[PDB]
Structure formats: C-alpha cells, structure tokens
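K.L.:
Our numbering runs 43 ahead of the 1-based position in the sequence shown. The beta carbon of each residue, even a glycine, is placed where N, CA and C say it ideally should be. Got a structure here, written out as structure tokens. Questions coming.
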Amino acid sequence: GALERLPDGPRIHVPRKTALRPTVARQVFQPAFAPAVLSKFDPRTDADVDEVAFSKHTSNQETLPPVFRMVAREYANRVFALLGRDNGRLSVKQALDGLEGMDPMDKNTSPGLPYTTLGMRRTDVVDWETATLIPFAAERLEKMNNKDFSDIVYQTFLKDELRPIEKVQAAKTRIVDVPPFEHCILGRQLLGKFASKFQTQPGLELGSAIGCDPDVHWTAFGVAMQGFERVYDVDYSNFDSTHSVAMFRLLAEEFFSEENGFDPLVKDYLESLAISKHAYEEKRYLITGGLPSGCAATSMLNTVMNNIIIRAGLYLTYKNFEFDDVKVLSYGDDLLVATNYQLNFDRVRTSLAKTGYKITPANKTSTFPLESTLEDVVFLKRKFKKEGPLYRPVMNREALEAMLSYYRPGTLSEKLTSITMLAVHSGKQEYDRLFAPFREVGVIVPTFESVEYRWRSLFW
C-alpha cells in the first residue's frame, strides 16, 4: 500500500521473455495454464502488465485493533516456551554456512543491486571459504549495523511462471523482489538462529508446516489433525501486500523482541521490509507496508503473521473465544484450521475485511462450508490420502498435468525426476498415464515400483 513515486534513475532491465517452453505432453493434456505475461506488447492480453502490477498497492491500514497485540504476545509465549529465547545474532560465517540442520545460503541466487547491473554473481562479492565480503559490500553491511538502511534498493521485476488462463488474459503477473546480498546476509544473521529452530519442528503446536517434507510429514500432520471434529481450508488474497506497517511494529515489539532473546537491530531490519525502496526499469518508488519477497525469511514471517491474523479474526467474530479452541497449520498464506467447534468463516471474512486482510473459501464459490474434514481440505497443492497408519500427499491431477506440459530447456531430466516423486501417490495407472507422452517420444523414466518402494523406505 501507499506507492510513492521517487526520482527516476539508471535503467534496471525487467525481463520480458519467458524461459518456459511446451513439452511433448502439452498437446495431450492441454492444461488451463500458460506462461505469465511479462511484456506490455504480449498479444494474449488487452491489459498493460506494468499497469496491473502498479494498480495494486492502494493503501494498507494505518491503525489495527488492540486484539492483534494480545493474540500476538500470547502466540509468542507458546513459540518461545517450546523453542527458547536464545535467538542471538549469528556471525557472517554461520550465516553463509548455515547452522547444523539448516541449508547454507544459495550461491546461485541473484545478489541484487548494484551487482546485477555490473554483471556480478554472489560468489564474486564474497568468499565462502573465509566469509569475507569485498570492501564495497563490507562498508554497506557496516552502515546497516549503524541503523542506516538508506542504500538498500530492491531489484523488482515480474515472476516468470505458469498461471491460469484467466491470470494470463488479465495480465495479473506476480512480482519478485530481490534485496541486496548484504541485506539478505544481515537478515539471516538477525533471524537465523530462530529460523533454524522453527524449521526443525513443524507441527500443530508451533502452528507451522515450514521446513517439512510432504513424503514424511504428511503422516505426522495427518494423524495430528485426525482426532479433531473439523478441518477448514482457508486461503488469503494478496496476503504479502496487505500486511500493514502496524503489523510489522507488533512483530518487532511483541514477537521478535529483545525480551524474547533477539538482537536490537531486528527492529530496524523489519522496518526495511515495512518501508522499502524499489527499482523497476527506470522507475523508483517507495511502498509503505506489505512484505517483500526474496531470501528465506519470507515464508517464516508470513507463517508467524498467519497464526496471529486468523485468531484475531476469530476473537473479533466469536466472543468468549479461546486461543486453544483452534489448532493451526500453515505454510505462509496457505492456512489450515483444525477445531472441535463449528466455525463460520463467512462472518470471519467480514470481520477481517475491516482490518485489511481478505480471506476466500478456496473452492471457486463465495461460501465457507460449515462442515469440513481432513479429507476435504487442500494444503500445499495436496490432499490427505490415508493408507493404513500413513497419509500420502496426493497432488492435484490438473496441477501435475500443468507441470509436465511446460519446462525450461537444459533442466528437463532434473524436472522429470522430481515430478515422479509427486506422481507416485496418484497410483500406478495415473503415474504411467502422466509420463506416457514422454516415453512415447523416447524418454525413459523410472518405474512406478522403483519410486513407490523408495517412498516406503522412508518409514523403515
């Protein structure tokens, strides 16, 4: 919200060509999907894609009800009771290498401005052996330690991916925000030690599916939500952008605070996300509110806010409502409510509408069903398919066809390998149907029994 125009500067090229190309299986399945619109002169749409991206960000909420604060600090108590309040700053060595049971920073990811303009990669700007930034990058990280984030400009561009034909026709393409590499390092310094603990324990108590593995953890999520009377599926609309600047303050003061064992600089880092400066072609602008993408923190941040927001809506809608009445499971804006009560999310939608957040039923029709169970819900594009004492992540049939219909030249073998581990849960008949197009044109893929056996090996 609140997009303020700044003085224009050097041209930072937004890419306007898809790398996606159709496979041999596109003609077979013909999914309701196509590459996202990137150019203004894309003939598949009437609309200007830059206008549609800039039409969003109207204005976030200035204020926010007082119930958001108490439910935030009450959620904080539960989280830090389990994980602990030893969430101090990590060294630059620890940030790059990552802690034990935490992936190291990706060397391939974009380094951000001005390194992308100069044609440099992440491994140019730092030495991973010694954890040593080059003089230019080192002094910028120094200034951010001294409470100054004035140099930080997000490289912003359109997301190259598949979209529904309606999103392609309407030119509604998602926006990627790439922060500078030093900003991304500093983020993992301040919030890394906490993130490592949050990743390792996904479940209903922490209220998060972050750092899970659908093959294994679906059985754990399944059995945990099994005993409950109902399970609701709730989806937000523009969850990242609708975060108010007040929400960021709440997190800094109540959740990611020095009381809970965080670095004092965390507050200033969170303000860099709250009020951020972006570069798009020659345009420069300033968005007040909403969480930018980029780096590993984004999914965790939304997961924390999601547990707060959904309960705050319930507190507002349902009087004498309890915190433990609802058990939550979420991976960012993908939300899953488990409860013994009977909740009406039509009235919760109207409550949260006033607070800025917009929920939807996730079933293409404006009616949250009063009755809903574990078998009905869809979480992470997957369903909960019980099989003996286990649960299998059965992925949507229309999703699987869409994934196989397009690809990026060069990395086709890597793609097919990963999709076999998804399609295995749909059954041998469905499995061999989905890969038949590729085998038809002389492309070998592993047997169903090979990959099905591999999945069963996880539980031995």
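May I ask you to report which of helix, strand or coil DSSP gives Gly246?
P.N.:
Residue state, collapsed to three classes: strand.
K.L.:
By how many angstroms is the C-alpha of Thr175 removed from the C-alpha of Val277?
P.N.:
Cα to Cα, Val277 sits roughly 45 Å from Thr175.
K.L.:
Suppose you measure from the CA of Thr285 to the CA of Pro452; what does that come to, to the nearest Å?
P.N.:
Distance between the alpha carbons of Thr285 and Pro452: 36 Å.
K.L.:
Does the beta-carbon distance from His226 to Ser102 come in below 8 Å?
P.N.:
It is not a contact, given that the beta carbons lie outside the stated cut-off.
K.L.:
Do you know offhand how far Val467's Cα is from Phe491's?
P.N.:
Spanning the two alpha carbons is a distance of roughly 7 Å.
K.L.:
Does the structure place the segment 81 to 91 close enough to the segment 331 to 346 that three or more beta carbon pairs sit under 8 Å?
P.N.:
Too few Cβ pairs lie closer than 8 Å, so no.
K.L.:
Counting only runs that start and end within the segment 47 to 81, where is the alpha helix (DSSP H) found for 4 or more residues in a row?
P.N.:
With a minimum length of 4 residues, the continuous alpha helix (DSSP H) runs that stay inside the segment 47 to 81 are 69 to 72.
K.L.:
Do you know whose CA, among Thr243, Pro109, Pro480, lies nearest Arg292's CA?
P.N.:
Closest by alpha carbon: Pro109.
K.L.:
Which runs of the beta strand (DSSP E) spanning at least 3 residues fall entirely within the segment 119 to 190, listed in chain order?
P.N.:
Runs found: none.
K.L.:
Should the segment 193 to 212 be called in touch with the segment 154 to 161, which here means at least 3 C-beta pairs below 8 Å?
P.N.:
Counting Cβ pairs under 8 Å, three or more are found: they touch.
K.L.:
Threshold first: 3 residues or longer. Then list the beta strand (DSSP E) segments lying entirely within the segment 336 to 389, N to C.
P.N.:
Here the runs fully enclosed are 369 to 374, 377 to 382.
K.L.:
Within the continuous alpha helix (DSSP H) that includes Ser461, where are the two ends?
P.N.:
First-last of the alpha helix (DSSP H) with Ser461: 455 to 466.
K.L.:
Return the residue from the list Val80, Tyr279, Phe97, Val380 that minimises the CA-CA distance to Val369.
P.N.:
Measuring from the Cα of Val369, the nearest candidate turns out to be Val380.
K.L.:
Determine the direct distance from the alpha carbon of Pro307 to that of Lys190, and round the result to whole angstroms.
P.N.:
So the alpha carbons of these two residues sit roughly 10 Å apart.
K.L.:
Quick check on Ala138: buried or exposed, where buried means 16 or more other Cβ atoms within 10 Å of its Cβ?
P.N.:
Per the 10 Å Cβ criterion, buried.
K.L.:
Which class does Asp93 belong to by DSSP, given the choice of helix, strand or coil?
P.N.:
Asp93 falls in the helix class under three-state DSSP.
K.L.:
Using a threshold of 8 Å, state whether the C-beta atoms of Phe299 and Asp376 are closer than that.
P.N.:
No.
K.L.:
Do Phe364 and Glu117 have their C-beta atoms within less than 8 Å of each other?
P.N.:
No, Cβ-Cβ distance for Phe364 and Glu117 is not below 8 Å.
K.L.:
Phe427 by DSSP, collapsed to three states: which one?
P.N.:
Of the three classes helix, strand and coil, the one that applies to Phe427 here is strand, per DSSP.
K.L.:
Between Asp203, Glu185, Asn349, which lies nearest to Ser280 when the distance is taken from Cα to Cα?
P.N.:
Selected option, being the one with the closest Cα: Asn349.
K.L.:
Restricting to runs no shorter than 3 residues, where is the beta strand (DSSP E) found entirely within the segment 234 to 289?
P.N.:
Correct list: 273 to 279.
K.L.:
Mind checking which residues open and close the alpha helix (DSSP H) that includes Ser493?
P.N.:
Run containing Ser493: 491 to 499, per the alpha helix (DSSP H) assignment.
K.L.:
Taking C-beta to C-beta, are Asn188 and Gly304 nearer than 8 Å?
P.N.:
Going by C-beta atoms, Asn188 is not nearer than 8 Å to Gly304.
K.L.:
Between the segment 226 to 242 and the segment 132 to 148, do at least 3 Cβ pairs fall closer than 8 Å?
P.N.:
Output reads yes: the segment 132 to 148 touches the segment 226 to 242.
K.L.:
Measuring straight from C-alpha to C-alpha, what distance separates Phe241 and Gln70?
P.N.:
Distance between the alpha carbons of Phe241 and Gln70: 43 Å.
K.L.:
Would you grab the beta carbon distance between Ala115 and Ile402 for me? Rounded to a whole angstrom, and I think it's under 8 Å.
P.N.:
In fact, because the Cβ distance is near 18 Å, the residues do not count as touching under 8 Å.
K.L.:
Report, in whole angstroms, the separation of the C-beta atoms of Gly265 and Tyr434, which I expect to be a contact under 8 Å.
P.N.:
About 3 Å; that satisfies the 8 Å criterion.
K.L.:
Considering only the alpha carbon of each residue, which of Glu248, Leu161, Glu172 lies closest to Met148?
P.N.:
For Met148, the nearest C-alpha among the options comes from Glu172.
K.L.:
Excluding sequence positions up to five away, which residues of its chain have a Cβ less than 6 Å from the Cβ of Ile318?
P.N.:
Excluding positions up to five away in sequence, the list reads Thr331.
K.L.:
Going by beta-carbon coordinates alone, are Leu81 and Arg59 separated by less than 8 Å?
P.N.:
Their beta carbons are under 8 Å apart, which means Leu81 touches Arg59 by this criterion.
K.L.:
If contacts are defined as beta-carbon pairs under 8 Å, then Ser415 and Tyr275 qualify, I think. What distance do you get, rounded to the angstrom?
P.N.:
Going by Cβ atoms, the distance from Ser415 to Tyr275 rounds to 5 Å, so yes, they are a contact pair.
K.L.:
Three-state secondary structure (DSSP) at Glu105?
P.N.:
Coil, per DSSP.
K.L.:
Taking just the CA atoms, how far does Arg64 sit from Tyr450?
P.N.:
The straight-line gap from Cα to Cα measures roughly 5 Å.
K.L.:
Have a look at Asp167 and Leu455 and give me their C-alpha separation to the nearest angstrom.
P.N.:
Cα to Cα, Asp167 sits roughly 28 Å from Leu455.
K.L.:
Tell me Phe422's beta-bridge partners as DSSP assigns them.
P.N.:
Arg425.
K.L.:
In the DSSP assignment, the alpha helix (DSSP H) including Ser300 goes from what residue to what residue?
P.N.:
Per DSSP, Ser300 belongs to no alpha helix (DSSP H) and is neither H nor E.
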